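What follows is a short report on a single structure.
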Amino acid sequence: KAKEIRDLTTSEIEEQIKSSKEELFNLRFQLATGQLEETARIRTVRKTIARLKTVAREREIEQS
RNA sequence: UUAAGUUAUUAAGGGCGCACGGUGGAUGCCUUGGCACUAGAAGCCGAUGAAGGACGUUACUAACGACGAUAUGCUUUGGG
Ligand SMILES: [Mg+2]
């Protein structure tokens, strides 16, 4: 996903970070009520956040 | 039949021998871990916050290992 993330702009990555965190939080609430049934989405969204934070961190270090 | 003698039988339990079981973990075989060394490298890190820890991180989860709110992991370069 990193190659696709690198095509996004800086404002887009922040928006992706916010939206991914909302999705993960929604998954956690569904899991706590026994409604999820798709538990592999949790790990997938968590790693997407990790990739998104990595690309943002690289750009700031690179520019600085 | 009497009289006078003699000597068995019984095993409540026990003894010796044998047979078959149990308990127990010796012995044999085995090695996951140790012990003594050889050769080469290296030895000591820390306010750019150490050594050592606490608490957390997996869909479910107690403990250990790995990891640190990017958490049972992220990127990249090579290997496969
Ligand atoms: Mg008897």
Side-chain angles (χ1 to χ4, degrees), chain A residues 1-2 5-6 8-9 13 16-17 19-21 24-36 38-60:
Chain A
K1 190 136 179 48
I5 289 160
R6 289 179 177 109
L8 279 207
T9 68
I13 287 162
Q16 297 288 345
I17 287 185
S19 114
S20 288
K21 268 167 171 177
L24 171 61
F25 171 89
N26 287 10
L27 293 174
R28 292 245 155 85
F29 257 58
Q30 285 168 72
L31 180 68
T33 65
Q35 273 171 177
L36 186 47
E38 251 182 290
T39 55
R41 268 140 58 112
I42 290 190
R43 194 187 173 284
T44 292
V45 178
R46 282 183 99 225
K47 300 316 169 175
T48 299
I49 299 149
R51 271 175 217 108
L52 282 164
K53 296 190 144 107
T54 314
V55 169
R57 188 53 203 180
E58 304 167 308
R59 287 199 198 154
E60 161 196 15

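Computed from heavy atoms alone, side chains included, the values below leave out hydrogens, waters and symmetry copies. Chain identifiers are assigned alphabetically (A, B, ...) following the order of the sequence lines, protein sequences preceding nucleic acid strands; residue numbering begins at 1 within each chain.
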Quantified in whole Å, what is the [atom1] atom distance between nucleotide [N] and nucleotide [M]?
N      : M      : atom1 : result
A62(B) : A47(B) : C1'   : 39 Å
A69(B) : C74(B) : P     : 12 Å
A71(B) : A59(B) : P     : 11 Å
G46(B) : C30(B) : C1'   : 49 Å
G65(B) : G52(B) : P     : 13 Å
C44(B) : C29(B) : P     : 45 Å
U58(B) : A63(B) : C1'   : 15 Å
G68(B) : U75(B) : P     : 14 Å

Which side the sugar of [N] sits on, once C1'-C2'-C3'-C4' is checked for sign:
N      : answer
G13(B) : north
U31(B) : south
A66(B) : north
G52(B) : north
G68(B) : south

How long is the gap from [atom1] on [X] to [atom2] on [Y], to the nearest 0.5 Å?
X        : Y        : atom1 : atom2 : value
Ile13(A) : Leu8(A)  : CD1   : CG    : 6.0 Å
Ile42(A) : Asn26(A) : CD1   : CG    : 11.0 Å
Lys1(A)  : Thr44(A) : NZ    : OG1   : 11.0 Å
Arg51(A) : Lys47(A) : CZ    : NZ    : 8.5 Å

Give the rounded distance in Å between these two atoms: [atom1] of [X] and [atom2] of [N].
X        : N      : atom1 : atom2 : result
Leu24(A) : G73(B) : CG    : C1'   : 15 Å
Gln30(A) : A59(B) : CD    : P     : 15 Å
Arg59(A) : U75(B) : CZ    : P     : 15 Å
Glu38(A) : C60(B) : CD    : P     : 16 Å
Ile5(A)  : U75(B) : CD1   : P     : 8 Å
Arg43(A) : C67(B) : CZ    : P     : 16 Å
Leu27(A) : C60(B) : CG    : P     : 13 Å
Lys1(A)  : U76(B) : NZ    : P     : 13 Å

Distances under 3.5 Å between nitrogen or oxygen atoms of protein and nucleotides 68-71 of chain B:
{"unit_1": "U70(B)", "atom_1": "OP2", "unit_2": "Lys53(A)", "atom_2": "NZ", "d": "2.7"}
{"unit_1": "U70(B)", "atom_1": "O2", "unit_2": "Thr54(A)", "atom_2": "OG1", "d": "3.4"}
{"unit_1": "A71(B)", "atom_1": "OP1", "unit_2": "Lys47(A)", "atom_2": "NZ", "d": "3.0"}
{"unit_1": "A71(B)", "atom_1": "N7", "unit_2": "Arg46(A)", "atom_2": "NH2", "d": "3.2"}

Could you tell me whether the phosphate oxygens of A59(B), OP1 or OP2, come under 4.0 Å of any side-chain nitrogen or oxygen in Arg28(A)?
-> no
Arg6(A) side chain N/O closer than 4.0 Å to the phosphate oxygens (OP1, OP2) of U76(B)?
->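 The answer is yes; a side-chain N or O of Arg6(A) sits under 4.0 Å from OP1 or OP2.
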Using a 3.5 Å cut-off on both pairing distances, which stems of three or more Watson-Crick or G-U pairs include RNA chain B?
->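 Counting only runs of 3 or more consecutive pairs, the stems involving RNA chain B are B:55-57 with B:66-68.
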Would you list the protein and nucleotides 78-80 of chain B atom pairs, both N or O, that sit under 3.5 Å from each other?
none

Syn or anti: how is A69(B) classified when any glycosidic angle within 90° of 0 counts as syn?
-> syn
Where the chi angle of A47(B) falls, syn if within 90° of 0 and anti if not |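 Classified syn.
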Report whether the bases of the adjacent nucleotides [M] and [N] stack, using ring-centre distance under 5.5 Å and plane angle under 30°.
N      : M      : value
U32(B) : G33(B) : no
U77(B) : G78(B) : yes
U57(B) : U58(B) : no
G40(B) : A41(B) : yes
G43(B) : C44(B) : no

Step by step, would you call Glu58(A) with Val55(A) a side chain to side chain contact (heavy atoms under 4.5 Å, CB included)?
-> CA-CA 5 Å; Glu58(A) 304 167 308; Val55(A) 169; 3.7 Å; yes
Specify the closest pair of heavy atoms between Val45(A) and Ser20(A), including all atoms of both residues, with the distance to one decimal.
-> CG1-O, 3.4 Å
Heavy-atom closest pair, residues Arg59(A) and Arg6(A) =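 Where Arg59(A) meets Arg6(A) most closely, the heavy atoms are NH2-O, 3.4 Å.
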